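Asks: Quick one: the structure is below, questions incoming.
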Amino acid sequence: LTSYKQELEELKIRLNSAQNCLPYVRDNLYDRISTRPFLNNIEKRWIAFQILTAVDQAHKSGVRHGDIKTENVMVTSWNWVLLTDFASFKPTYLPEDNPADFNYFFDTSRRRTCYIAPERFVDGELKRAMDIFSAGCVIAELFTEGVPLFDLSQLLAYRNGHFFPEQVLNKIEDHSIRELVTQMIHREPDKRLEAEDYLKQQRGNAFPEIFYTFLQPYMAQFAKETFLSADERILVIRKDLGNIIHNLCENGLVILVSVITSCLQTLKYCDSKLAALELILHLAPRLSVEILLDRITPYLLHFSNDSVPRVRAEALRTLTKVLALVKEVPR
């Protein structure tokens with residue numbers, strides 16, 4: 001296992017280029033399924049793009065995940081889906097010798113989710129085939145969240161020929177997304193080593209073709225350890241939002257709002273918060289009937305409390321006026 005420790009250290013050094021890797025954060029992708037459970041469809045697509053990018057970047061850097069899963073997918077306070085915990089200690093073609101150890105090590109969510117190629121069964125270093133199988137399994141799980149397409153028992157039956165994920169697939173709503181995730185997820189005597197082809201297929205329709213080139217870039221840049229402060233990061237976010245608007249003339253607004261909330265955890269400069277509201281105000285045009293109402297009220301109120309009378313005054317004014325234009329209401 002210790003040798004696998006040096007292997008994982010080298011894989012982390014390699015994946016350093018992989019901004020989609022996170023070797024505390026908000027939670028795991030399955031944890032985000034559980035706690036803080038606002039898995040928006042826009043966020044989902046963004047998480048899928050981030051996961052495909054993380055797997056491809058780890059592979060290219062020289063990192064094979066093998067056991068990518070929703071539980072294994074890391075997210076930050078802004079839903080930063082970053083691959084990590086590459087199972088260099090777990091077998092590439094995992095032996096079926098002991099299922100007790102398989103549950104004790106591979107599964108950490110209690111759903112026994114088995115993101116392993118059936119060719120990883122009975123007839124060193126990791127393989128991109130097992131990594132891609134696990135990643136497709138994690139994508140399908142994100143499509144079904146709680147539903148493990150094949151648990152330890154389910155995957156064992158599939159390898160032995162007793163379980164089929166047809167049902168769990170039915171958990172996923174999007175037909176094309178499920179189709180691609182399953183095409184990734186099959187018996188893998190022929191290794192679909194990398195997720196680059198899937199990334200290319202999704203960027204046409206699923207992944208933002210051009211928006212991500214900027215959204216993903218700003219996300220990685222401001223991710224953490226960024227020189228600019230959260231308030232400075234917010235001013236830069238205002239600039240980048242003007243840029244995105246010019247590009248156009250949910251999604252980022254969703255993801256952008258995600259990061260705004262993530263940073264909102266701290267106070268920093270008061271006038272900084274005032275501006276943030278001012279900017280957060282503009283973004284609402286799309287999210288009015290969405291995660292905005294979901295938490296925009298939450299922060300706007302949380303923001304409108306502290307000290308400064310006129311500060312909280314304008315804060316409530318925004319919280320409302322933005323809250324106003326909505327024309328539909330969730331229960």
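Computed from the coordinates by the stated procedures, all read-outs in this text should not be read as laboratory data. Backbone-built Cβ (ideal geometry, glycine too); neighbour counts: all protein chains shown.
Asks: Taking θ as phi - 60°, what are the ³J(HN,Hα) couplings along the range 208-225 by the Karplus curve (6.51, -1.76, 1.60), each to the nearest whole Hz, with x for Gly and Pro?
Replies: x, 4, 10, 4, 4, 3, 10, 5, 4, x, 4, 4, 4, 4, 8, 3, 6, 6
Asks: While we're here: Ranked highest first by average number of other Cβ atoms within 10 Å, how do 113-120, 294-301, 95-102 line up?
Replies: Answer by packing, highest mean first, reads 113-120, 294-301, 95-102.
Asks: Taking 4 °C and 1.567 mPa s as the conditions, I'd like the Stokes-Einstein D for the range 93-241 in µm²/s, using the Kirkwood hydrodynamic radius from alpha carbon pairs.
Replies: 75
Asks: Also, I was wondering about something else. Shape of the range 38-150 from its Cα gyration tensor (a ≥ b ≥ c, root eigenvalues): rounded if a/c is under 1.5, otherwise prolate when a/b > b/c, or oblate?
Replies: Taking the square roots of the gyration eigenvalues as a ≥ b ≥ c, the range 38-150 is oblate.
Asks: Here's another thing I want to ask about it. Between rounded, prolate and oblate, where does the chain land on the alpha carbon gyration tensor, with a ≥ b ≥ c its root eigenvalues, rounded for a/c under 1.5, else prolate if a/b exceeds b/c?
Replies: prolate
Asks: Testing the spin-label approximation: label points 7 Å from Cα along Cα→Cβ at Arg286 and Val308. State their distance in nm.
Replies: With each label placed 7 Å out from Cα toward Cβ, I get 2.8 nm.
Asks: Counting only residues 5 or more places away or on other chains, whose amide H sits under 5 Å from the amide H of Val73 once H atoms are built in the peptide plane?
Replies: Correct list: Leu29, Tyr30.
Asks: Using Cβ counts within 10 Å as a stand-in for footprinting exposure, how do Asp123, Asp31 rank, fewest first?
Replies: Ordered from fewest to most neighbouring Cβ atoms within 10 Å, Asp123, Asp31 come out as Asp123, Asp31.
Asks: Does the range 91-179 classify as rounded, prolate or oblate by the C-alpha gyration tensor (a ≥ b ≥ c root eigenvalues; a/c under 1.5 gives rounded; else a/b over b/c gives prolate, otherwise oblate)?
Replies: In terms of gyration-tensor shape, prolate.
Asks: Assuming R0 = 25 Å, what is the FRET efficiency of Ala100 and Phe38, from their Cβ-Cβ distance, to the nearest 0.05?
Replies: The calculated FRET efficiency here is 0.10.
Asks: If you project the alpha carbons of the range 1-103 onto their three principal axes, what span does each projection cover, largest first, in Å?
Replies: Cα extents, longest axis first: 38, 34, 22 Å.
Asks: Give me the net charge of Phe102's neighbourhood, meaning all other residues with Cβ under 15 Å from the Cβ of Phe102; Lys, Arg count +1, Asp, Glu -1.
Replies: Numbers: positive: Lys69, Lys90, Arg110, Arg111, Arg112, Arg120, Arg159; negative: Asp67, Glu71, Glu96, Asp97, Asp101, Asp107, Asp151.
So the environment of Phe102 carries a net charge of 0.
Asks: If you take the Cα atoms of the range 155-290, find Rg, then find the Kirkwood Rh from the mean of 1/r over all pairs, what is Rg/Rh? Mind showing how you got there, number by number?
Replies: On the way: Rg = 20.3 Å, Rh = 18.1 Å.
With Rg and the Kirkwood Rh in hand, the quotient comes to 1.12.
Asks: Between the alpha-carbon centers of the range 263-312 and the range 62-106, tell me the distance in whole angstrom.
Replies: Their Cα centres are 37 Å away from one another.
Asks: Now for a different question. log10 I(q)/I(0), Debye, Cα-only the range 1-54, no solvent, q = 0.20, 0.26, 0.29, 0.32 Å⁻¹?
Replies: The calculated log intensity ratios at q = 0.20, 0.26, 0.29, 0.32 Å⁻¹ are -0.84, -1.03, -1.11, -1.18.
Asks: Report the local net charge at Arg64: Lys and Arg +1, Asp and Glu -1, summed over other residues whose C-beta lies under 9 Å from its C-beta.
Replies: Summing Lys and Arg as +1 and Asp and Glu as -1 gives 0.
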